[PDB]
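Labels for the chains are A, B, C, D, E and F, by order of writing; each one numbers its residues from 1.
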């Protein structure tokens, strides 16, 4: 499988259904596809840099980077725990000037990002990452003096 | 009324992107261990069940002329071909004056000017093999197309492109048999399939699905007619970048398969002369039996109707009140002037005039016609001349010699598409539209199968405002 | 890798002593160490260039990476990317095995165990992540707001009280 | 505010609040972030048939991928995989430098402090490795 | 009591050696013409490079001990290797070359004015693709491309023949140096000494970082640095050991000196086919009078330029010094005569005038202007063409350059000088002599890479803190 | 109830096929001028390798189904391809060779010497870089590398010139085997069967595991095994199917038999430039008189060793059968004559003396000691020299060895033998006829990887436990 689909479904429908199940399946296929190729890599062992060989090699690297760079952001954003993570950054009117329903009932996830695109380059790139440092550094400052037991 | 960003991993959002696709062919070829195909040898296996999803409520824009896949596929098959003939003997030493005496069969009074007079020439030559101190006189039953008169002498001919290019003989063991190749996107990438029953090749495609792997796109390279390809659905579809422009080729996709029975009805014996240390040049020894002309059988009625269909679609595309002329290719490369393809490892330059000659008239009897007698329909036989020396389509410096396939050759290809070219030619008082069989540009052949595919990347990271807040600080 | 699995696979129990917790981290640690050694080499010789061996090491490096990635990815799917040994909420359908815990551990060795589960493997793994997701979404909505509780959490419960004195 | 290495001359404390800036560009690379090229090439096309540069770009990528992975593996061995700033139970042996926190975080910059702790790096890392082992023991008996 | 606190993302860097990749501008690929540097392979240059300034930071650079120099050295020579790898080998071409003094039998065009002997119209019987066919063919070789043989007045041969192969350069591949931007892989960085006058070694007052080098044109030139970067309001002189002799002296100029160079001869191309699919390109004939190649140089501009360098050299070797300029003593034409490439054509120019200048220590200060233009008294440099070019270091592996159709024109900017202080054994009380140098691709790379150094970034960091795990589950 | 618990790091492996990277000690890496089997690429081995003994572990090791032997073979073949790829080729030399003046004189040179004109001052009208000018040169060529042409008593050529391209090996490249440690990548492991003796297949009592294989020299030899490994306690015989006659019989000696081999001649190393930057390396003159190459075998030690394997051979086909060590049946010289490479020069040594003895167990004997240590203890092997090595797998791709200057001396360690049983009446005649064999490199690598089996380590595991994920068991 490995196909989220439901792209046409309203972002809210996608933010309510297939908001974790299909996404779990998507990642569950990424490792399978990999496992499958690995199973053959052992059988064929024709990893020789041929015309297709180099293609397979480039493809392998491309996928590795794709997964990591995504996980990297999540980890910095303190969202490595799971697919859906709530943050403490409030949404600036500049970013979007709509209502929760306007974005969930009258917007598709693709269309939604299309508008935020410009603002998104800062929403998570700077504000979200900065939020983590405050929390991280605070956690340390909090653990510096701690007594509360149960 | 307070919204806080909530990062969602797995959002169904994607972006148009170009990438390095990987081949995925049926493992049966690997098990057969033939590894003679110019590709598929290291190509990975194909997911037994193709994995596709119907993206309903999605109207992605599709453009054939802007499909990177086509450009990639082109370089791939080119590189695959170059790699296959990379470690094979070259005919650079065979570049000598060839005493092309008419073949004894050609002289034979039995075939009194019946046909094929000089088509197969018995050319003799002096060669220098591994022994650089001793020369050797050898004979090779070459073809007429491969040789070119040099001294205007009776039997003075030479291998075509002897100096213009480096003739490299493809290793005889290798097999030129296109087997379903499935181009697959690395993860995080997807191929979008224009599922529309009829698509203009450019513009928004409504009915739309996707695949992680292309369908078995056989890398069959054929000029004019498109054999063994994807059939059009219900309606013949004509696709062009600028229909108004004449320079651009016109890709016609047939809805029905015009099965073509091509054969080489000559029992042949392969001869091999050692030329260079451990390097053997393979040629023909003797033609066993009367020399007969290679031909292809096409049902006139079945094709006549085929043309009737393409003519109507062409009339709708242009002026329905216009005379349509299916003239023959007005000169050009031998590949373009005559339908060309490789059946059973031999390239058959077959005449396609009979197929593209009849000119339809508007305001006439378009009543589809049907056969009334077996002899009446018979078959459209094509005078075919086998050219072994094949130069690169878009490169002149590189030419590839073809090893003779000994024995009878025969194929059953299916005509699935046709390349055409509009040529207004200052039609007297317009009212006339001429069309000639187009060809060349390997990309044209690949476009007929990637017409629906569109590679896009995937971004499973999306931030959205949510009344919920991390609220982890407190 | 020096102490790579220093202790061999004994009864899953004896193997699951302090040995598993230590040997596993030690293996992961020394695996990281020898990998770091190879990079110290490449950072110096800088000769690895499409040679019979150069292609070998390059492909090997890629393999190790995707091999590690596949394992971690799985841990992620079923929300176990943190602790090496993570419990699940998936019950053992008797179909998977009738053996008692003692048979499973104080006798079965990880090597022969996976054999009698080879048919179940791909099934079980799918149940692990499936259950993880089922509760995950519910949990996401379960604690979605609860801002009221958070107030009492530092109003009454005083998550971070500053009243730290004696007597 | 500060650039990629903007807190290079800043004291350990000030730089501590800018850690993410560097962490964000550890894997993010020009060649990598390019994705689809405006060139006819597609993700380095076919490495241009292993060009002199084709292989270097290829090699460069693996090093970014393996290096980030090594880094992660380490924090993972130390447990705090996802976390950025962790808190070990390893007591700070004064042998590794006897300095007050004020000097360390309000005077010494990370670049300068690292030189002092350079010799005592592997020792410390293993001490964390075995501390997590002790932690795991405590957790196992707690679950029991 | 404190506890180790793992800090991920610490701003700490350490000197490292790693592979680098080129990022040429998109416009370079947009040319749609293959460049010997294969700029097409280079990744698209990021529109705006990010020059983060490292404030409160000082770093020790080693222009002479920078891996990147050695790396780029290998990269450039490998680039050329693969560029001419699949080109005609001109192997069979070498035979016996019977030659004439000029392509003009008499003063057909300008035999009197034309440099008699340079053309050396050599004719030869070469075999085409057809093995049984031999053809007499003629070609033009500058004296620098033919060696007299058999003592016969008319019998000659290719210069680097007998010795090594002389593969012709693939004609389509052009040789226009396109600025490349060596970029560090993620987790690595390049540090740029923003300090104005840097000796190439030692600490840096101002230091910045770039993930990508500034565009560097891979121009190879001798006794000069063409189209190079410019110093900052002060000519700078760098050498690992100034008190040594063999050490070549690098000089980066603060002011660019324009050098107009051209081949004033209209040429035609003749594709002599030598072997199947192998065509040797050669000059058919010069259309019009023959004029030797030259270069124009503003006496006054070069004057002031040397003046600035001379002073810097007295500052380097004791105030009181009569810095005297002299021409290369002897050796390979490469390092004896100033040579460079111009529009796909190598030029060996006799910069005799540029170094025919012995200066004392008094009255030399006055910076004379150009009151009397006199056509700028432009210095005209006698320039010739050596078609075959030997590998700078490798004895074997020579290469031929196919002729370009038509008059070639060039206008590079002088941006640097390579010098060799000769030991003051005697007669050198104050006559400090600096003969032109060169002969080493590395010396050119050091001049442009002095301000850069590559450091691995280690994001892992430890620190003591009163905080404790406090993890009791 | 029983909730499955995921355990990471479970000790589980699975027979797998993985790309292996060579790891050399990098001791001679500093000597870059020295080039041997791409040592420069081989990454320096771990300074302190550790072999974790697998206690209470038993594993099967099918040597004839090992993947390592296959990988070594492919890599070693490609290594030679890479070495000869940028080197010169003798396509022009394949000219009619007027071979005469076999020896300056047949006096002291051939008075009793068995040279009998093995070398020849062959002359030939070959061209050079000048192309136009053609010059005739003379070069001493071994009768082994030369083949007579026509009925002419002086027209000759190179054994493989007409049917195979000869590529001149680059002289700067050394040909001395180095300890190459085939190391497996992380996530994979090499099991090591430590049983004192092994049938070469079936379960293994003592089993261990190592991250890299022990140092294995890429030695290619025939009818013998040089600088190899030794068996444990006693000799071990190994075959896919011993009772089958075709299957080659692999033998591993428990004791090392020193073989002193040397070319006792001072050779001038002449060089002939043929083409631009293409110099053919040959021999100008043999300084002094010409002496044939020879190898020294301890007559007593070899008897004892042959008796040892003979006993094992009885233990394999019944004491009733007599052991008959006969000479090589016939075929290509590579196999007919024990042929190895000493000091970058390939030597062909007659092995009839080492394979000419009917042990006949019914004959009673114990061990043979050497009372006469001085003399009569050197089975001198008549060794001939060859420079044109035919490829072992393909007719083409022949290779020329540029002559070495001075005396070429070596002292390898015999460590086993490759044999061939001959099914026939001889066996019915109460006799096992074993003849030496070779020509299949796979056997050489099998003799060193015999105790190795690459397996992939899958840290992933599942296990029912009475513990549930309490992350779902949250509260207010």
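In this section, a residue touches a chain if its C-beta (ideal position, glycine included) is under 8 Å from a C-beta of that chain, and two chains touch if they have at least 3 such contacts.
> Comparing A-C against A-B, which pair counts more contacting C-beta pairs?
Of A-B and A-C, more C-beta pairs in contact link A-B.
> Where the CA atoms of subunit A average out and where those of subunit D average out, how many Å apart are those spots?
21
> Where the centres are mean C-alpha positions, what is the separation of subunit B from subunit F, in Å?
50
> Please tell me the distance, in whole Å, between the geometric centres of subunit E and subunit F computed from their C-alpha atoms.
Centres of subunit E and subunit F (C-alpha means) sit 50 Å apart.
> Just curious, how far off is subunit F from subunit A if you go by their C-alpha centres, in Å?
Inter-chain centre distance comes to 55 Å.
> On subunit B, where are the residues touching two or more other chains?
Residues 19-20, 76, 79, 467-469, 471 of subunit B touch two or more partner chains.
> What's the contact topology between the chains, one of line, ring, star, complete, other?
Shape = other; not a path, cycle, star or full graph.
> In the complex of these two chains, what residues of subunit C are touching subunit F?
1-10, 12, 15-16, 20, 23-24, 27-28, 31, 34-35, 37-38, 41, 45, 47-48, 51-54, 56-57, 59-61, 63-64, 67-68, 71, 74-75, 78-80, 84-92, 96-97, 101, 104-105, 110-111, 113-114, 117, 120-121, 124-125, 127-128, 135, 139, 142-143, 149
> Which residues of subunit E touch subunit C once you look at their complex with the stated criterion?
16-19, 456
> List the residues on subunit C that touch subunit A in their complex, please.
50, 55, 59, 62-63, 65-67, 69-70, 73-74, 76-77, 79, 81, 126, 129-130, 132-133, 136-137, 140, 159-161, 164
> For a test of understanding, state which residues of subunit C touch subunit B in their complex under the given definition.
Spelled out, the residues of subunit C in touch with subunit B are 144-145, 147, 150, 153-154, 159-160.
> Which residues, counting only subunit B, touch subunit C once they are in their complex?
Where subunit B meets subunit C, its residues are 467-469, 471, 474.
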